[PDB]
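Participant: Quick check, what structure comes out for this input:
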Amino acid sequence: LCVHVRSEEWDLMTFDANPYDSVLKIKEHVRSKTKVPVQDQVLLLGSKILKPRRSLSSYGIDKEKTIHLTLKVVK
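Facilitator: Numbering: from 1, shown residues only. Structure data below:
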């Protein structure tokens, strides 16, 4: 599908996942990313900081639908 991001975004985002896992996104922000300053891409969702690009399934939909979330960029 495709996913949309609020703020000043310079490229759009898309709802897709590569044939590994989804833990690679949260672990990528820790593996040389939490230890070094410079976030390059930060994500936010319900007053908290998100580490992947999408990880909610809170709505319970199983149909092809787009989504709109908030994202920002620093350094």
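
Participant: Can you report phi and psi for residue 13?
Facilitator: Taking degrees, to the nearest 10, you get phi -130, psi 170 for the backbone angles of residue 13.

Participant: likewise the one 3 residues further on?
Facilitator: Backbone torsions for residue 16, taken as degrees, to the nearest 10, come to phi -170, psi 160.

Participant: Against residue 38, how distant is it?
Facilitator: Computed as CB to CB, to the nearest Å, the residue 16 to residue 38 distance reads 25 Å. To be clear about C-beta, it is placed using only N, CA and C from the backbone, and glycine gets the same treatment.

Participant: Tell me which of those two has more neighbours.
Facilitator: residue 16 (10 against 7; other CB atoms under 10 Å).

Participant: Now residue 64. Nearest residue, chain neighbours left out?
Facilitator: Here the nearest residue to residue 64 in space, its sequence neighbours aside, is residue 1; by CB to CB, 6 or more residues apart in numbering that works out to 5.7 Å.

Participant: can you pull out the strands in this protein?
Facilitator: Taking DSSP state E as the criterion, the chain contains strands spanning 2-6, 13-14, 42-44, 49-50, 67-72.

Participant: Return the residues in contact with the residue positioned nearest the centre of the chain.
Facilitator: Geometric centre of the chain, nearest residue: residue 53, 1.6 Å, by CA atoms, centre = their mean. By CB atoms under 8 Å, 6 or more residues apart in numbering, residue 53 lies in contact with 3, 13, 25, 43.
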